[PDB]
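Note sheet for the following structure.
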Ligand SMILES: CC(=O)Nc1ccccc1C(=O)NN
């Protein structure tokens, strides 16, 4: 059923809440035993948001390999994403270790450091060229190279150096800066343009490791980003773009990380992003 028609049918009936709860009811449930170990309590921002054991990203150290991050692997779309929480004061070094070990080219950030008067994630990148950051626990150095600030998003060029081998890589930081404190954007125009800037970059492409995407919890706004990307590209691939069932793509993605899409408004916005994106 053409999603644009399904959309108007849900909107006229005002049943967004009922569709959304159907997804919550049918969603996968897998063990998260490593996340709940007592040694990992300060590695988790929220007690009710954990990566599944089967799909969690492992840090390449013998000490403690745990980070709140998941590999979403979409087989038919031929895309991979890592979805992770906003780094904490004690996980900033782990975050950049993961970016290094997984060979990511891009980081996508969908939140502000402060929202609603509270801290939503650590200040994990350098704000001035001449004041670089060093993560002593993971032996990495991070330098701001350049910054391009636009109305809806900022793009930063960063240099990440493995102080152990003295190899360097260029990482692109794509920061969406205008998601509102409450609700969802009124129009997806600026979200879609942000998405096609990340694609243009090569960050989503198979010659690199998976893109790292995050918000505060790594399930809401992060969910919207990878659902829209995957749904649009399936439409570019299949002989019938109307066969693309957004609810079925979301349940497939929810086999890899719990809670993706947090509200009925985010589900509606995702439809609006794919519907408008198809034009
Ligand atoms: C399929 C589609 O409409 N993509 C976009 C959406 C919104 C803004 C830009 C683009 C784009 O294509 N950029 N190169």
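Numbering (UniProt numbering), first residue to last: 1 to 279. Ideal placement from N, C-alpha and C gives every residue a C-beta, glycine not left out.
Is it right to say residue i is buried, meaning 16 or more other beta carbons lie within 10 angstroms of its own, or is it exposed?
i	result
residue 62	exposed
residue 195	buried
residue 90	exposed
residue 149	exposed
residue 105	buried
residue 186	exposed
residue 221	buried
residue 206	exposed
Sorted by chain position, which residues of the same chain lie with C-beta nearer than 7 Å to residue i's C-beta, five sequence neighbours on each side aside?
i	result
residue 274	3, 228, 231, 232 and 246
residue 71	55, 57, 80, 82, 210 and 256
residue 267	16, 19, 20 and 261
residue 163	139, 140 and 141
residue 264	16, 17 and 20
residue 271	3, 7 and 246
residue 51	32, 35, 68, 69, 70 and 257
residue 170	157 and 159
residue 201	106 and 172
residue 145	157, 158 and 159
Between which residues of its own chain and residue i is the CB-CB distance below 6 Å, once the five residues before and five after are set aside?
i	result
residue 349	Absent from the structure is residue 349, since the part of the chain shown begins at 1 and ends at 279.
residue 223	260 and 261
residue 178	152
residue 46	217
residue 93	135, 137 and 138
For the putative contact between residue i and residue j, defined by C-beta atoms under 8 Å, what is the C-beta separation to the nearest angstrom?
i	j	result
residue 234	residue 77	6 Å
residue 66	residue 43	6 Å
residue 49	residue 85	7 Å
residue 254	residue 28	6 Å
residue 87	residue 35	About 16 Å separates the two Cβ atoms, so there is no contact after all.
residue 109	residue 214	6 Å
residue 64	residue 39	6 Å
residue 116	residue 181	5 Å
Note down, in chain order, each residue of its chain lying with its Cβ closer than 8 Å to the Cβ of residue i, except the 5 sequence neighbours on either side.
i	result
residue 197	153, 155 and 174
residue 96	124, 135, 138, 140, 142 and 160
residue 102	57, 82, 209, 210 and 212
residue 99	107, 160, 171 and 212
Could you tell me which residues DSSP puts in a beta bridge with residue i?
i	result
residue 60	Answer is none; residue 60 lacks a bridge partner.
residue 248	Per DSSP, none; premise fails for residue 248.
residue 171	158
residue 293	The chain is shown only over 1 to 279; residue 293 falls outside these bounds and no answer can be derived.
residue 82	71 and 212
residue 148	155
residue 176	153
residue 115	118
residue 109	175 and 214
CB of residue i to nearest heavy atom of ligand 3: below 7 Å?
i	result
residue 192	Ligand 3 is not part of the structure shown, which contains ligand 1 as its ligands.
**Item:** Whole alpha helix (DSSP H) elements within the region 23 to 51, 4-residue minimum
**Value:** When DSSP assignments are scanned along the region 23 to 51, the uninterrupted stretches of alpha helix (DSSP H) that are 4 or more residues long and fall wholly within it turn out to be 33 to 36.
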